[PDB]
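Heads up: the structure comes next, in structure tokens.
Only heavy atoms go into these numbers, but all of them, side chains included; no hydrogens, no water, no symmetry mates. Within every chain, numbering begins at 1; the chains are lettered A, B, ... in the order of the sequence lines, protein sequences first and strands thereafter.
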Amino acid sequence: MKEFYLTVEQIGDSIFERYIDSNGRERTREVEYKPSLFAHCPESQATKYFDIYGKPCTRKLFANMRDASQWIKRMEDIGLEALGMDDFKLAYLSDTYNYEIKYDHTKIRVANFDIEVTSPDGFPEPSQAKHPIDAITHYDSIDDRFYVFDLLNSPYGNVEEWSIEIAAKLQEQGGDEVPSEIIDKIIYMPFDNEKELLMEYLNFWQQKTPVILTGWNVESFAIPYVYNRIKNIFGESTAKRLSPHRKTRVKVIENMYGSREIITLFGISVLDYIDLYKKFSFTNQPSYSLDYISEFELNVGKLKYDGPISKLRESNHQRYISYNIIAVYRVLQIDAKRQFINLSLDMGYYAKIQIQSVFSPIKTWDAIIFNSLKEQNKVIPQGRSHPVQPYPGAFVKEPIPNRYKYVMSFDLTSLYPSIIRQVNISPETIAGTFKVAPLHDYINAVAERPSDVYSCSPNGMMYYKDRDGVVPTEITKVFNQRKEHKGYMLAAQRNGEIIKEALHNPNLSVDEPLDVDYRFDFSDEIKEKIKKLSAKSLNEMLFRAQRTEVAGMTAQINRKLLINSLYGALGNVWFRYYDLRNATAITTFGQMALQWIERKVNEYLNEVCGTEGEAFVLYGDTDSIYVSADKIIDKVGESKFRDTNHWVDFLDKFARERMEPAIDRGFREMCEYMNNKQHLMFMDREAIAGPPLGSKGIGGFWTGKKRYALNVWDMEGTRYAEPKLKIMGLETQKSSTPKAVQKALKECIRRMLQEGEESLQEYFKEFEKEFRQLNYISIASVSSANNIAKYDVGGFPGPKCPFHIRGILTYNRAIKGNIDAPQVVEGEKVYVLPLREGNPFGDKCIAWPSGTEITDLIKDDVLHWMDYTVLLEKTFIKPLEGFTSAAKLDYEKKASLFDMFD
DNA sequence: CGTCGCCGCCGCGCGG
DNA sequence: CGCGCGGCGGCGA
Ligand SMILES: Cc1cn([C@H]2C[C@H](O)[C@@H](COP(=O)(O)OP(=O)(O)OP(=O)(O)O)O2)c(=O)[nH]c1=O
Ligand SMILES: [Ca+2]
Ligand SMILES: [Ca+2]
Ligand SMILES: [Ca+2]
Ligand SMILES: [Ca+2]
Ligand SMILES: [Ca+2]
């Protein structure tokens, strides 16, 4: 097989590499890598190396990596550019793997672990590590085994061995309900003392050294706790055994306020699942406890135990160990669903970077572009220093707040990357500038043609047309990968709807789910078999369709994020190819493209319907337009439609056969106007929205920019079995809005759009009546706990103190002098509740760490002093009034002349 | 060391 | 609660 790397590190003048050899064996080597860097040379001397601008370069081969670094410093002191890849391990990887990497994941050792630490005096700080580690569960992907290390004897209690028999039993039998599919995969090792547990763990680590190391909070907690505990007991050298090259670094993480120290383990790639989840999941959660994320992702019940975790080992060691094993497995289950490890490996090997560098798109694109340029013997420019400067972004149209009955949306495919490709925007393709007219002049086609030679953007930039730049070239490859996965995702989604439709008539029989590839549209023979299946088999198929859809979602959305991040990188000072002329050329072209096509769509539809000056486009943001279709529906008449699906088909056909061709003509004209290299403005229909036929639903509404709701029947070719709410910006979508409030507001909007004013008033009245019975967590707001110390004046709110920080300060005063109470962590999430006047907490609100029940010390007093009236008015009534005034509805029945009879 | 636009809640200081 | 400005948090693209 083709060799591939596992990990790479620079240590002094050595590269340390772990890799899989041609036989599929893991090896390690130390190479005294001789790096090359480059300097511009005279035009007359013969060379095969050229910088991106076509300037001749001479190669400088160095005796070692330290020489290369010192040369860079001398070139600065002289005042001359030192070209080439200064991250020597990326250059090593490029030299060693001078081909497209085919990797085999089954050869890569992925480790998932978590630890337990009993602590009677508060949170066990990793940097101190003064408490014994009493449990480690470490899953190995190559062995497919959970290795459990269990401490029987501790200064905090002597315990009996964990029983695998009781662990396997149901909770109703007094067992722990450890899933039966992992019971046979557990290798349990009890220890008489902590020293022997840790020594054995290190020996185990040595035999089965992680390549990818993951888990939940392993970077912030598990890794540093284990490193420091071993350091405190045995000394630094023993702790350094967690690195296969015995080198570690104790380094700070800096964003802004405060600092925390993480441990870098050389020769290991740490991918903390929390960080993977935060970057790749496209959620913002109220809580990041594993309980919370597990319940959200997998629909599994929280891990249930009595008393504080500080007493769980002592009171119920059996459950303590089982819950440690389950915690590890739950991260595995999330990953089997989300597939973030697979994504990381894919992106990592594609760019030829350390796998952990997937968190950094700048690093990712730096390596992609370097490998692409190196292939042609081209030399990358030196990184320069730039001051941060603001620059303009997208156009957002001010909507008229209103209800909107029939709506069709259109959207440009992968806009910013397509602008890059269409215009040919790259560092080496800059051709010059033209004199700029006001943007509205380009939008209205009255400004003079920018160039008869080069490809232009309305910001004044001009680009070569003879050849593709490296940025368009490399962004195209990833875009094409994105497109494949999106296709798989949408087909899985369409297949899902076929199963949903069939579930309305489930046949009664014992059968099995069909063995099908959900990434491809179901054939006719498959569709017919589904129609004859039982609810049980259909449900399993729906689950599988939905898992296939999620996998597709991960692959496509994160490839989209990567290509969009290349646009973003052009506007970040740390990017090698930072250039505000290029970033602005993209965003300005975008503003033109949107407003240009608004004009065209309006002009076209006014021609179709026979009017003048009527605005059909009601809204647009960046790359999408929202078109009012009332008049199109009205031109045939609502009475001519059999049912909802009929007018939906009509609009679908109208958009595809009439509007899209016109849209294309308008964009082809724009391409010619700007003299662009290639026409790539592809605007397809996205949503078809409206009320159910014969109902009093309003269909949709806008309250303002970025704030709207639509009742959607068809989304990019997916015809839904049941109409689906597209809600953007509104309180239903914010992680800060209480869960019960999100749910209620969503049902209010559902009723408005699908059923009408009367239905909405019924629901509101009922919600107002029953509100006070809602569980306190379901009605707590959520916020992020930033800058606590800034507004802390002696435990009391300082000037300008934010509402949620006031609540934290209240909490801190309430729990002061108690080691056992959960501390609020700087930068983490908190639940927030209003407090009635005259409460014993001495303030108007209280906040506590999210994902948790509030400590039993203050729970009783919070529930008694919770201000339901303020809660209802602020998080529910105010937003609903906002919705209803925008939609011209009343959420309370106004009096009428009829209130006079019967 | 991906980006900008723009919403609503809040504290503050008005607003005769 | 009437208003706008700046801080903040959090989305929508
Ligand atoms: C979501 C997102 C968009 N944008 C910018 C770039 C996008 O091209 C533009 C429009 O966003 P979107 O319409 O959300 O996405 P898209 O057009 O790039 O991809 P799709 O084919 O799925 O429609 O907004 C970012 O810069 N960063 C982001 O994270
Ligand atoms: Ca735990
Ligand atoms: Ca788009
Ligand atoms: Ca689309
Ligand atoms: Ca059937
Ligand atoms: Ca869009």
Side-chain angles (χ1 to χ4, degrees), chain A residues 253-257 279 282-286 357-366 383 385-386 388-399 401 409 411-412 414-417 475 558 560-580 582-584 586-588 590-591 594 619-625 686 702-708 726-737 781-787 790-791 797-807 827 829-830 832 834 844-845 870 873-875 878-879 881-883 886:
Chain A
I253 293 291
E254 295 185 316
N255 64 312
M256 196 138 55
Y257 324 105
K279 198 193 171 56
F282 286 77
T283 64
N284 190 5
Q285 298 290 11
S357 301
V358 295
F359 288 116
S360 163
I362 281 170
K363 179 59 70 166
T364 303
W365 283 111
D366 196 38
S385 189
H386 313 280
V388 178
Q389 286 194 307
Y391 72 95
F395 176 80
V396 188
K397 182 185 170 71
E398 191 73 67
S409 70
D411 170 70
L412 281 150
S414 193
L415 180 67
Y416 283 15
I475 211 173
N558 288 293
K560 170 185 171 175
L561 176 63
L562 192 59
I563 59 180
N564 285 344
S565 296
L566 178 56
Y567 146 73
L570 295 170
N572 179 293
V573 297
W574 302 101
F575 193 43
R576 194 180 300 276
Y577 312 101
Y578 173 76
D579 197 330
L580 249 26
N582 286 345
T584 306
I586 297 155
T587 68
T588 311
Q591 287 203 6
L594 184 59
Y619 185 64
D621 179 348
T622 306
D623 68 328
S624 69
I625 60 169
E686 254 213 25
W702 263 257
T703 90
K705 288 180 182 174
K706 295 186 176 287
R707 287 182 64 91
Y708 61 92
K726 194 205 179 188
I727 306 170
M728 303 307 304
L730 311 185
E731 278 80 353
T732 50
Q733 309 311 108
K734 288 162 74 74
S735 63
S736 54
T737 299
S781 292
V782 186
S783 194
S784 281
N786 291 320
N787 280 309
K790 181 191 183 73
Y791 298 101
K800 299 160 178 158
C801 182
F803 189 82
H804 66 288
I805 304 297
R806 181 179 290 272
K829 299 269 175 147
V830 282
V832 180
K844 74 182 164 170
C845 59
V870 164
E873 285 292 342
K874 265 163 42 174
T875 79
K878 222 209 161 171
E881 221 292 310
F883 305 163

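OP1 or OP2 of B:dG8 lies within a sub-4.0 Å distance of a side-chain N or O belonging to A:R707. For A:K829 and C:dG9, the shortest distance from a side-chain N or O to OP1 or OP2 is not below 4.0 Å. Look at A:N572 and you'll find a side-chain N or O under 4.0 angstrom from OP1 or OP2 of B:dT3.
Taking atom CD1 of A:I362 as the reference point, atom P of B:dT3 lies 7 Å away to the nearest angstrom. Straight-line distance from the CD atom of A:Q591 to the P atom of B:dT3: 19 Å, rounded to whole Å. At whole-Å resolution of the value, NZ in A:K706 and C1' in C:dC11 are 8 Å apart. Per the geometry, OH belonging to A:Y577 stands 18 Å off P belonging to B:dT3, to the nearest Å.
At the heavy-atom level, A:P879 lies nowhere under 4.0 Å from the strands shown. Backbone-only contact: A:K844 has heavy atoms under 4.0 Å from sugar-phosphate atoms and none from a base. Using a 4.0 Å heavy-atom cutoff across all strands shown, A:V832 reaches no nucleic acid atom at all. Contact annotation for A:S735: backbone-only contact, meaning every heavy-atom pair under 4.0 Å involves sugar-phosphate atoms and none involves a base. A:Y391 comes within contact range of the sugar-phosphate backbone alone, with a heavy-atom separation under 4.0 Å but no base atom that close.
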Provide a list of protein-nucleic acid N or O atom pairs under 3.5 angstrom, restricted to nucleotides 3-8 of chain C.
unit_1	atom_1	unit_2	atom_2	d
C:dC8	OP1	A:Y791	OH	3.2

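Nucleotides of DNA chain C nearest to A:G729 and A:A785 differ in position, and the one nearer the 5' end is that of A:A785.
Nucleotides C:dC11 and B:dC1 are separated by 25 Å at their P atoms, to the nearest Å.
A cation-pi geometry, defined here as NZ or CZ lying under 6.0 Å from the six-membered ring centre and within 45° of its normal, holds between A:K874 and A:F803.
Taking the six-membered ring where the residue is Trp, A:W702 and A:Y619 present tilted rings, their angle falling between 30° and 60°.
Under the side-chain contact (heavy atoms from CB on, under 4.5 Å) criterion, A:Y257 pairs with A:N787, A:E826, not counting sequence neighbours. In terms of the salt bridge (charged side-chain N to carboxylate O under 4.0 Å, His left out) criterion, A:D411 has no residue partners (sequence neighbours excluded).
Using the sign of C1'-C2'-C3'-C4' as the criterion, C:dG12 falls on the south side of the pucker cycle. A positive value of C1'-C2'-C3'-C4' puts the sugar of B:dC7 in the north, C3'-endo-like family.
With A:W365 contributing its side chain and A:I475 its backbone, the two residues share no donor-acceptor pair below 3.5 Å.
Using a 4.5 Å cut-off on side-chain heavy atoms (C-beta onward), A:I563 and A:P417 make contact.
A:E254 CD: 12 or fewer foreign heavy atoms inside a 6.0 Å radius.
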